[PDB]
Amino acid sequence: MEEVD
Amino acid sequence: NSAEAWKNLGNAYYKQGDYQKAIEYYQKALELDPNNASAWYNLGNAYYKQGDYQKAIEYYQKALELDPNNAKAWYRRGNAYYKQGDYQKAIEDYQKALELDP
């Protein structure tokens with residue numbers, strides 16, 4: 001799963 | 001002040017994994033502020049997460065034109081290209097993401 005900045 | 005609210009709406013829908021509505025408010029954010037690389041980036045993220053890699057590549061491209069230091073965007077456009085079986089541009093984007101990673 002991918003995060004956010 | 002007003003794409004400070006649209007972006008946040010898109011963010012709030014993104015955070016809850018509602019990509020359809022996240023896109024809706026990310027696009028409204030981009031109408032008012034077509035320069036914010038972060039908007040192009042997150043909209044790119046939303047399409048990517050839907051598996052709309054074609055549009056993800058499109059929107060990441062401009063996010064990387066306005067912010068080429070965004071290593072996460074480079075990496076995710078790299079996956080997008082890879083999914084599409086574009087292994088040259090995948091390699092190209094992957095390396096650029098690692099050159100910004102010490």
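Worth pointing out:
- Normalised by 2.2 N^0.38 Å, with N the number of residues, the alpha-carbon radius of gyration of chain B equals 1.05.
- Entries in B:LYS49/B:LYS96; B:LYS21/B:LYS89; B:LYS21/B:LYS96 that, when Cα-Cα distance is taken, lie over 28 Å: B:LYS21/B:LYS89; B:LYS21/B:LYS96
- Using a simple spin-label model with pseudo-atoms 7 Å out from Cα toward Cβ, B:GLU58 and B:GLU31 lie 1.7 nm apart.
- Using Cβ point charges alone (K and R +1, D and E -1), the dipole size of the range B:2-102 about the Cα centre works out to roughly 260 debye.
- Cα-based shape type of the protein assembly as shown, given that a ≥ b ≥ c are square roots of the gyration tensor eigenvalues and the cut on a/c is 1.5: prolate
- Distance (nanometres) between label positions extended 7 Å along Cα→Cβ at B:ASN79 and B:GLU99: 2.2 nm
- One chain, two ends: B:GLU4 and B:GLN50. Fully extended at 0.36 nm per residue, the span grows by 14.2 nm beyond their Cα-Cα distance.
All Cβ positions, even for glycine, are placed from backbone atoms using ideal geometry, and neighbour counts span all protein chains on display. FYI, it's all coordinate maths here, none of it is from the lab.
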